[PDB]
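Asker: Chains as they are written, first to last, in UniProt numbering: chain S, 386 to 433; chain U, 112 to 165, 174 to 219; chain X, 434 to 673, 796 to 855, 867 to 883, 892 to 1072, 1082 to 1141, 1148 to 1206, 1232 to 1434; chain R, 37 to 108, 120 to 144, 161 to 347; chain L, 1 to 38, 46 to 56.
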Amino acid sequence: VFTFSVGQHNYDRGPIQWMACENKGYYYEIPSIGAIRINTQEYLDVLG
Amino acid sequence: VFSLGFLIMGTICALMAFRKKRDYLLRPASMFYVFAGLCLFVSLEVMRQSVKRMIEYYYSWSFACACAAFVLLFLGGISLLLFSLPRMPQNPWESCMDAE
Amino acid sequence: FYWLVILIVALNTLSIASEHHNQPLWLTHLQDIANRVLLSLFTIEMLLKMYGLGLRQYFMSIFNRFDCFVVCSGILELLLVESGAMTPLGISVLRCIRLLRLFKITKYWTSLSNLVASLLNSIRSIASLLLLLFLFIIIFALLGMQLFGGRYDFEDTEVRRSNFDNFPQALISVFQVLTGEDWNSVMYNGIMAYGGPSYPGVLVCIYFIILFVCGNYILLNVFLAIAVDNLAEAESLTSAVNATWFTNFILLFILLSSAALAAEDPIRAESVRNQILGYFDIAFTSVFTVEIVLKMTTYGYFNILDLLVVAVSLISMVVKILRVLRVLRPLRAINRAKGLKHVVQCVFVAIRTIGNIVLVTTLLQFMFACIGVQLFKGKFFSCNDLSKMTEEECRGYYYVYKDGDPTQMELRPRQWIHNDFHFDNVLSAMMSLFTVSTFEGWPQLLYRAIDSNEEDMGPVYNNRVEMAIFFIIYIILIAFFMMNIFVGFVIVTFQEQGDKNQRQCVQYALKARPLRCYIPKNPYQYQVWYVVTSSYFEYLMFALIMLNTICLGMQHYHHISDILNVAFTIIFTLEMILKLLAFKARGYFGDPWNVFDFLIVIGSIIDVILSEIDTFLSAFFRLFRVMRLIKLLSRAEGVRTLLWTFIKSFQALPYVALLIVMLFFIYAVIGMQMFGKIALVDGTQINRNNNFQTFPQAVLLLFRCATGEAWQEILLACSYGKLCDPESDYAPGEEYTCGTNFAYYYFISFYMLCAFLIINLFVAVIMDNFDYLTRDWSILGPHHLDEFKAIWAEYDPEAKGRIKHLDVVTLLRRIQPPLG
Amino acid sequence: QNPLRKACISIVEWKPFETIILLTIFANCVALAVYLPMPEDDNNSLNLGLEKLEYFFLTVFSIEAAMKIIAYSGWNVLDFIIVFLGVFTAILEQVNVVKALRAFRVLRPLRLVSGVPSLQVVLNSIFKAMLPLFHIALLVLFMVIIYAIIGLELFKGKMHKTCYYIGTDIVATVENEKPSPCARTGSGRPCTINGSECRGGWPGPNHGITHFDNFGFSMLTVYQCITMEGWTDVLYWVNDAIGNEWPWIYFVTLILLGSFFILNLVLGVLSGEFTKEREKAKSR
Amino acid sequence: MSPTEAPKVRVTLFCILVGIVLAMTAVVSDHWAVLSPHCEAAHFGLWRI
Ligand SMILES: CCCCc1oc2ccccc2c1C(=O)c1cc(I)c(OCCN(CC)CC)c(I)c1
Ligand SMILES: [Ca+2]
């Protein structure tokens, strides 16, 4: 499971981090457009 | 020609205000002058738009003449109206349309 | 010990104020080392007077009560420091507790402790209405949460911090709207949250209209009340050649010299206008140098000013600073005009009187600046893109997206940026707090401080909302509570200098005069006089004016209005004809309202003929029909009386406003000389609509700064390092050398001065109306005898002094019991 | 009036029944504060839990109203309106299986005023202190109307032209410049962006909110200018639209009469009211 | 006779007279605008160019 928290918001981010690194996944944050490209390609580091 | 007629009417009103204690007649006359001068303003405005439809344009002699005429007419009419008006009361007893 | 204690508290204040960001290590060592020594001195001075006057009576005064708390807190903090104290924010705030010691200064002046005795009572008595204001704020925050909560979901990348997503943010937004700063942006966001500028979407603005007006009124109310109440106890407890031709000639030439100084070219070094002005200047100087010889021969503080002005004008045929000293030409008129000298003396006495509240306000601003330095030191740095959080990270280039479209990008270099208003030291903190107190740009500082993360790191969105508290209290204390006592100070100060009811009655009785009524003979015209004087005619014409106003408001972008215009013009021309026939043109022009009606009718007629001749084949002539409802003032008695009684007061003080005019002139000329060569760039605060390039533009800029627009942005746009005007003359290679840091002295002073004189003008005008403003309309008033004069004129068509006695007998039956 | 057939609960009113009701309203205000508004019909666990707790407040208010209405208005009419609106909303929202009635739940904090006599007398004094401001309110309204009509005649349909990029529908601006009106072959301003052309069809400066197109919008922008919050923006936009020479006369005067003169009037009247109130209270 | 015999109204009336005379001269003087397209000295007026 790879979870992404997208945008600027006040909602809790703990549950999705737990989902991420409980099911051997990873957690990413995408706050803006300029952070999209870098954050949508790092899941291949985990898969390797 | 409308402004010329206003100038004429203001002239007769001002001339007649000086006789038979007709001071009140100095009040309307000023307006005519104002309006006459006021017309001149928009009058030159029309000339301006002609300048804006037909290169370089210059104003040398009669433009300052017309502007000074308009300024004199407008300011003099306003000042004459203010002077002919009695006064601001400034006192609880004093008021407009009093006993001289 | 009276001087020893003040010396040690001054040393402590200096040590506290010496702390800043990136301070040298030796300064840090001096600061924490000196804490122990001064704490020890405080302790030894505690135990000395403890034995000197005994344990029991030491606590009788609250001044020495909190010294116990100061010493105990210092000891506890020193004990806690040597432990595992994490949370550097916690360290910042415990350090903040220390700052309390500064209270010691407030305990070393008698007048700094005498005033609190009444303000304590006033605050405790008005806490009910303060709680009412807080409840109003809470209710409107809840309403905004209901109306705009979760509706700012716009599909753009724009940031809207002032929203209603939760209770603290809604509370902050409501407070910001109450302060009135950038409330229109919040209203626009609320309108766009709904459909938009359409029929249902615009009505939300009503909310803001209710939030502002009704919000400020009670706000003003409470604080105003506080002031006067406290200031009441501030006055009750405390009390318990020589010819006129030559003078007019000199005054006219001074005025013309000032006008020549105003009209000038600050950009071009040698323009076509400049040398003519120089010839005029030398001609005026030649005139002004013969005025001093005519006085020196015939005579021996004000003539020295004229001599200095003439000397600096003549000696000029950094040196360019001398070109600024010639703005003293208008000040010479102060000597010539007696009223100007009197108002200058009065305003100087006013500033001398106000010396007990500016001191405490400045001290509280300094203390809040120290607290802000403790809180936000080093935390106002940022990067171009928010993804980089460190200065070494904020290097290279990055992409910006236009309108938030991922396929439209542009490269920009990223740079570590420091905020223009920060809290790195006490001076910058005081500047930031001064900008906050004027309610200009304070939400920006608020949202910059909320995101403050660390001492050298970038912001984190909504990191610390609680920091908003720091920005609220300071506004409530300084910007509300102590800026209203200042206004309340001058009100009662001029109240003191401001039976007598019987004196007014008798003087009005012996100084009155009958007024004409002009009842006409010749019943043929008496009929029309009766029909045009009856209340039915005036009511009908009032209804027609209302209908005309309604018709004027029905026009919109993208005719029937032409027919209605002609019909109304014809009907008002018929009004004027009938009035002229009834009053025989003699009593018609005696009434100023009929004068106004004549002017409006003629203007409307000319507009109608102009429109017709335009159609058969200029925009301000259409303004004559709008002015018609102004004549409604002839029917509203209360509104007309209020307007007259304030216009009379304004006309009675032509020299109080002359000070404001002279200040505007002087500052405009100085700004033209200083900030004149700055280039006009779109996107900056100096552009085609806002600059110092001409006198009208400089005066407009100063007027804008007076009303409280983004004047701090103008200040930042005039500092050193700006691009010079291409048409100006400068050495090649140095284009970004225009502007000066003197702007900080130029704006900060002007605002304060412009904030003072205006207040002066507001209070004096009020004082002249004090009899009318504080009037009991039940016991007696001039209105009763005014209506009595109306009855007298009704029964006396001509003044002719007095009339038959039986006439007065009838009037007695019309006299009310209030009069007789 | 009626015999003791139903008024057997008038004794418990004198009990400290007001303190528990004050605490109940405080708890209700706290519950209102902690509610989180969510976009597009979303919710969380806490919001669902507060929709059930508001039933507890509603039944308490209804039983209080029932006890007081049978034992025996003044301030009690507001309480009845609040409880009736709450009950009506609660019963209406559960038969559809809009949400505008919930906006009436923000009047419940006003009940605190009903619980403290000092707040009642303070609010009464505030209401009584606004009567002398009637003439100033009339003057302000008339001046706003007059200036709105003048602006409607002067600047109607003028701020509808801006310069986009040539061939596109994208407004051409610079870094820190908000979109502003434009004029081609006129007294207005030309924009200096290279690939830009000036044309119409532009809704307006503030997303089509700030313009003198009809009476409502002209009135709104005149009111916004009177508060001296963004009046220079309107002046600059009119300058870019029609020209720089004339428009300031409309705006500066509006600031001089609509803002400074009116503020002086209201300050003078309020100061006189406070002074005469203090003088009247001094005699007692 | 206060607002008639006063000099401040007589100087205003003289200003009105000089203004009307100068306005009449301005109408005849059709030389307030020269247009050179750039031998073609053009004079512009309200009655006749
Ligand atoms: C020679 C300078 C005399 C005037 C002057 O000096 C001060 C020093 C410290 C604080 C205030 C003053 C001051 C004022 O007259 C002054 C300044 C302001 I800013 C101010 O607030 C303006 C109204 N509002 C801003 C929108 C906030 C209350 C007021 I009232 C009075
Ligand atoms: Ca503002």
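Just so it is clear, CB atoms sit at the ideal spot from N, CA and C, and this is done for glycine as well.
Could you tell me whether any non-hydrogen atom of ligand 2 is closer than 6 Å to the CB of residue 1322 (chain X)?
Answerer: Checking the Cβ of residue 1322 (chain X) against ligand 2 gives yes.
Asker: Please state the DSSP three-state secondary structure of residue 1352 (chain X).
Answerer: Residue state, collapsed to three classes: strand.
Asker: Nearest-angstrom Cα distance between residue 656 (chain X) and residue 663 (chain X)?
Answerer: So the alpha carbons of these two residues sit roughly 11 Å apart.
Asker: Ignore the nearest five residues each way along the sequence and tell me which others in residue 1095 (chain X)'s own chain have a CB closer than 8 Å to its CB.
Answerer: Closer than 8 Å at the Cβ level, and outside the excluded window around residue 1095 (chain X), lie 1399, 1403.
Asker: For ligand 1, is there a heavy atom less than 6 Å away from the beta-carbon of residue 193 (chain R)?
Answerer: No, Cβ of residue 193 (chain R) sits at least 6 Å from all heavy atoms of ligand 1.
Asker: Please report the residue range of the alpha helix (DSSP H) in which residue 1068 (chain X) lies.
Answerer: Run containing residue 1068 (chain X): 1056 to 1071, per the alpha helix (DSSP H) assignment.
Asker: Is the shortest distance between the beta-carbon of residue 343 (chain R) and the beta-carbons of chain B less than 7 Å?
Answerer: Any reference to chain B falls outside this structure, whose protein chains are S, U, X, R and L.
Asker: What did DSSP end up calling residue 262 (chain R) once you bin it into helix, strand or coil?
Answerer: Note: residue 262 (chain R) maps to strand in three-state DSSP.
Asker: Counting C-beta neighbours from all protein chains within 10 Å, is the total for residue 860 (chain X) 16 or more, i.e. buried, or is it exposed?
Answerer: Residue 860 (chain X) cannot be placed in this structure, since chain X goes from 855 to 867 without the numbers between.
Asker: Using the C-alpha atoms, what's the distance from residue 1361 (chain X) back to residue 1320 (chain X)?
Answerer: The straight-line gap from Cα to Cα measures roughly 10 Å.
Asker: Quick one, which of X:1201, X:542, X:954 has its alpha-carbon nearest residue 933 (chain X)'s?
Answerer: Minimum Cα distance to residue 933 (chain X) is reached at X:542.
Asker: Would you say residue 339 (chain R) lies against chain X (beta-carbon separation less than 7 Å)?
Answerer: Interface residue, yes.
Asker: So if DSSP puts residue 983 (chain X) in a beta bridge, which residue, or which two residues, is it bridged to?
Answerer: According to DSSP, which records beta bridges pairwise, residue 983 (chain X) is partnered with X:975.
Asker: Once DSSP output is grouped into helix, strand and coil, what is the label at residue 256 (chain R)?
Answerer: Coil at residue 256 (chain R), not helix or strand.
Asker: Does the region 231 to 239 of chain R come close enough to the region 193 to 205 of chain R to have 3 or more Cβ pairs within less than 8 Å?
Answerer: Cβ pair count under 8 Å is below three, so no.
Asker: Assuming residue 973 (chain X) contacts residue 960 (chain X) under a Cβ cut-off of 8 Å, what Cβ separation, rounded to an integer in Å, is found between them?
Answerer: With a Cβ gap of about 13 Å, residue 973 (chain X) and residue 960 (chain X) do not count as contacting.
Asker: Can you tell which of X:505, X:621, X:1024, X:1031 has its C-alpha closest to the C-alpha of residue 968 (chain X)?
Answerer: Of the listed residues, the one whose Cα sits closest to residue 968 (chain X) is X:1031.
Asker: According to DSSP, is residue 496 (chain X) part of a helix, a strand, or is it coil?
Answerer: The answer is coil: DSSP assigns residue 496 (chain X) none of H, G, I, E or B.
Asker: In its own chain, which residues sit with a C-beta less than 6 Å from the C-beta of residue 620 (chain X), not counting the 5 before and 5 after it?
Answerer: These residues qualify, in order along the chain: 638, 641.
Asker: Measuring only from the beta carbon, is residue 1278 (chain X) closer than 6 Å to any heavy atom that is part of ligand 1?
Answerer: Because no heavy atom of ligand 1 lies under 6 Å away, the Cβ of residue 1278 (chain X) does not count as near it: no.
Asker: Tell me, please, whether the CB atom of residue 448 (chain X) is closer than 7 Å to any CB atom in chain S?
Answerer: No, its Cβ sits nowhere closer than 7 Å to a Cβ of chain S.
Asker: Please report the Cβ distance between residue 904 (chain X) and residue 813 (chain X), rounded to the nearest whole angstrom; I am assuming they are in contact, meaning their Cβ atoms lie under 8 Å.
Answerer: The pair is a contact, with the Cβ atoms about 5 Å apart (cut-off 8 Å).
Asker: So residue 413 (chain S) is in the beta strand (DSSP E); what residue range does that whole segment cover?
Answerer: Its beta strand (DSSP E) spans residues 411 to 415.
Asker: Measure from the C-beta of residue 215 (chain U) to each C-beta in chain X and report whether the shortest distance is under 7 Å.
Answerer: Yes, because at least one Cβ of chain X sits closer than 7 Å to the Cβ of residue 215 (chain U).
Asker: Chain U beta carbons: is any one of them nearer than 7 Å to that of residue 7 (chain L)?
Answerer: False, the Cβ-Cβ gap to chain U never drops below 7 Å.
Asker: Residue 107 (chain R) and residue 43 (chain R) look like a contact to me (Cβ under 8 Å); what is the Cβ gap, rounded to whole Å?
Answerer: Their Cβ separation, rounded to whole angstroms, is 5 Å, which keeps residue 107 (chain R) and residue 43 (chain R) in contact under 8 Å.
Asker: When you measure from the CB of residue 323 (chain R) to every non-hydrogen atom of ligand 1, does any distance come out below 6 Å?
Answerer: Checking every heavy atom of ligand 1 against the Cβ of residue 323 (chain R), none is found closer than 6 Å.
Asker: By the 10 Å Cβ neighbour count, where 16 or more other Cβ atoms means buried, how is residue 550 (chain X) classified, buried or exposed?
Answerer: Looking at its Cβ environment, which holds fewer than 16 other Cβ atoms inside 10 Å, residue 550 (chain X) is exposed.
Asker: Going along chain U, which residues have a C-beta under 7 Å from residue 961 (chain X)?
Answerer: Chain U residues near residue 961 (chain X): none, gap ~53 Å exceeds 7 Å.
Asker: Residues in the same chain with beta-carbon distance under 6 Å from residue 950 (chain X), minus the five sequence neighbours each way, listed in chain order, please.
Answerer: Closer than 6 Å at Cβ, skipping near neighbours: 997, 1023, 1026.
Asker: Indicate whether the contact test is met: 3 or more Cβ pairs, each with one atom in the region 235 to 242 of chain R and one in the region 317 to 333 of chain R, closer than 8 Å.
Answerer: Touching, no, given that fewer than three Cβ pairs across the two stretches are closer than 8 Å.
Asker: Of the residues U:174, U:177, U:125, which one's Cα is nearest the Cα of residue 199 (chain U)?
Answerer: Looking at the Cα atoms, U:125 is the closest of the given residues.
Asker: Kindly list the residues whose CB is nearer than 8 Å to the CB of residue 539 (chain X), restricted to its own chain and excluding five residues on each side of it in sequence; keep chain order.
Answerer: Taken in chain order, the residues that qualify are 545, 546, 934, 937.
Asker: Any C-beta of chain U within less than 7 Å: which residues of the region 1179 to 1196 of chain X qualify?
Answerer: Listed in sequence order: 1179, 1180, 1181, 1184, 1187, 1188, 1191, 1195.
Asker: Would you mind giving the Cβ-Cβ distance between residue 1190 (chain X) and residue 1161 (chain X), rounded to the nearest angstrom? I have them listed as a contact below 8 Å.
Answerer: Yes, residue 1190 (chain X) and residue 1161 (chain X) are in contact; Cβ-Cβ is about 5 Å, under 8 Å.
Asker: Would you report the Cα separation of residue 897 (chain X) and residue 995 (chain X), rounded to the nearest angstrom?
Answerer: Using only the alpha carbons, I get a separation of about 32 Å.
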